[PDB]
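**Student:** got an experimental structure here, sequence first:
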Amino acid sequence: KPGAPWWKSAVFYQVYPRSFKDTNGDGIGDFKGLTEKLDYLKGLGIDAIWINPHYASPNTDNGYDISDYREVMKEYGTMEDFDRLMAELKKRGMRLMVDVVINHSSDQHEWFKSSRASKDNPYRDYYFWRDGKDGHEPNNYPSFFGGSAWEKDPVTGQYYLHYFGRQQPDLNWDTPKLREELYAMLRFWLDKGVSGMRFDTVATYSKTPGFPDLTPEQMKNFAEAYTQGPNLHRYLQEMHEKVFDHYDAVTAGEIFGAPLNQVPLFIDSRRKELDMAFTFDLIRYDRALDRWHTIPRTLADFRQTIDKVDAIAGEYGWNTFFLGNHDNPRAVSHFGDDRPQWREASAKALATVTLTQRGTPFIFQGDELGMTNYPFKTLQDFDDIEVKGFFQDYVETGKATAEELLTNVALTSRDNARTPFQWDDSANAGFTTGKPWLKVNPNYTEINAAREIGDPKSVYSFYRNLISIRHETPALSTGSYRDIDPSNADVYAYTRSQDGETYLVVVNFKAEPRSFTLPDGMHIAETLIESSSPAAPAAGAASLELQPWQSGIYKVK
Ligand SMILES: [Ca+2]
């Protein structure tokens, strides 16, 4: 029949350029570093890479505050280096997905420098400027990065809106001329051959008319209210009509803060908005509302959340799947057990899950090596502007002590994912010849690409084999998904099926032996791969005995 888009069967790798590979000793990764490592990614089996922002930026949010959408970030290289990265990817049959940050720009962008000059400036309405009320801000909106989402500018006496940092003013999508500027910007990169675009905080583009105060209830989860602008889908549909309908690039949205029942509006292919969804339900399934505390959860919660997310894709939508990214703690530390004796086994188990979920998997740089959270010792060990925001909102206000913030944010911080990639065991793990912008994890002596690649029993080798198996088994990418028992908090088991072929995935999430009884009528036919198992089951088995953290993929009958 008709086939599926290349993107539904692709395995993506996310590169955070700043921490991938430095080639000039300034301690910051760059395009030349990434280009020199394309053979490494191709050898691992990667089809496409998504890079974080690579545009001109003051870096108050490491690329997410853009001052010029048509120039490359100085730290990464030049437009020539970007062009070379593209060409080398193409020589290897690989595709590039870039990050698109158009909910807001840097306050250094020329549009903002113009906007702030006067109320009658032609660019005034490229942003949101409003009078304060009752001697304070326009309304009670809080910022994700600390304090109020409203900043007064004495040049005009009004306040501008910023959901994120003070140096990331929100762009005004209710203004036609600004929407047209953004479309022309997207075409600039698409005309260069870019194959995909990831839309940063795509659900917050539409603002609420009149900016009334959030109710006390809404305030509890302000992220959600910010995703309820009345014109959101109208704007996304217009972006598709004027830009994406004219190219063959895949689009994916970072649907931050929106309730899961609204995700189909963004990804149902019939609506002509986005192709794939990046949801937060699973990766933040154990995160408190303040985003810096954790809440104990079990595998039952994990799988039940995945069931809900899969159901939302319905028949016309499509999900991405990921256990890690640049805004969350390290996969093995977060969902696995990173203790020395369990790190490799649990990282392999999580690899099995990642590569057998229904959706397009994104492997975050370093997770294929089993990289872990970083041992922060003081609040100064964090670079992340979000941690400074928590200090402002919780420590300076007396709600928590600096020690309490350190203790808790150490387990949830985005910086856990941003320590430099561990290439080998030379100075700073071969990431740089200079001083890394963020400290390298001392565990690079045990966790590094050179050692991983030379060992058939490594986490890396396991990911590589899982990727080969997935590429050879259509059911593992586009097949249906059925969780055999959503209530089981010990062993995660599900089937993937397509065209009469069914595969069974069984993953022990406990560090103790466990048993698993197959569904009535189901029996093992073959064993494709297992991790931490002393032996594959016998053909015909109606049950399995699992070692701690063991994972396996089996073709059933
Ligand atoms: Ca560099």
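**Tutor:** Cool, got the structure. Numbers count the residues shown, from 1 in each chain.
**Student:** which strands or helices does the strand or helix carrying residue 361 pack on?
**Tutor:** Secondary structure from DSSP states H and E places residue 361 in strand 360-364. With contacts taken as 3 or more C-beta pairs under 8 Å, 6 or more residues apart in numbering; DSSP states H and E, strand 360-364 sits against helix 6-9, strand 12-15, strand 320-321. C-beta coordinates here come from the backbone N, C-alpha and C atoms, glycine included.
**Student:** dump the ones you listed into a markdown table; add distance to residue 135 and mean neighbour count as well.
**Tutor:** As requested, the helices and strands packed on strand 360-364 are exported to a markdown table (distance: least, C-beta to C-beta, whole Å; neighbours: other C-beta atoms under 10 Å):
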| stretch | distance to residue 135 | mean neighbour count |
| --- | --- | --- |
| helix 6-9 | 52 | 17 |
| strand 12-15 | 45 | 24 |
| strand 320-321 | 45 | 22 |
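**Student:** of the ones you listed, which approaches the ion most closely?
**Tutor:** Evaluated with C-beta to the ion, the helices and strands packed on strand 360-364 place strand 12-15 nearest to the ion, the distance being 14.0 Å.
**Student:** partners of that closest one, with directions?
**Tutor:** strand 48-51 (parallel), strand 360-364 (parallel) (DSSP bridges).
**Student:** just after that strand, pick out the following helix or strand.
**Tutor:** Taking DSSP H and E, what comes next after strand 12-15 is helix 31-36.
**Student:** list the buried residues of that following helix.
**Tutor:** 31-35 (16 or more other C-beta atoms under 10 Å).
**Student:** near the ion too, which of those residues?
**Tutor:** The subset of those within reach of the ion, by C-beta under 5 Å from the ion, is empty.
**Student:** just these now: which is nearest the ion?
**Tutor:** residue 33 (6.8 Å).
**Student:** not counting its neighbours along the chain, what's nearest that closest one?
**Tutor:** residue 21 (2.8 Å; C-beta to C-beta, 6 or more residues apart in numbering).
**Student:** thought residue 423 was touching that neighbour, still the case?
**Tutor:** Yes: judged on C-beta atoms under 8 Å, residue 21 makes contact with residue 423 at a distance of 7.2 Å.
**Student:** give me the common contacts of the two.
**Tutor:** Here residue 21 and residue 423 have residue 431 as joint contacts, going by C-beta atoms under 8 Å, 6 or more residues apart in numbering.
**Student:** tell me where the stretch 1-150 of the chain has helices.
**Tutor:** 6-9, 31-36, 38-44, 79-91, 110-115 (DSSP state H, counting those that start in this stretch).
**Student:** where does the stretch 201-350 of the chain get nearest to the ion, residue-wise?
**Tutor:** Closest contact between the stretch 201-350 of the chain and the ion, by C-beta to the ion, is at residue 326 (17.8 Å).
**Student:** OK, contacts around that residue?
**Tutor:** 14, 16, 52, 364, 414, 417-418.
**Student:** turn the residues you listed into a markdown table, including distance to residue 64.
**Tutor:** Output for the contacts of residue 326, formatted as a markdown table (distance: C-beta to C-beta, whole Å):
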| residue | distance to residue 64 |
| --- | --- |
| 14 | 15 |
| 16 | 12 |
| 52 | 8 |
| 364 | 17 |
| 414 | 11 |
| 417 | 14 |
| 418 | 13 |
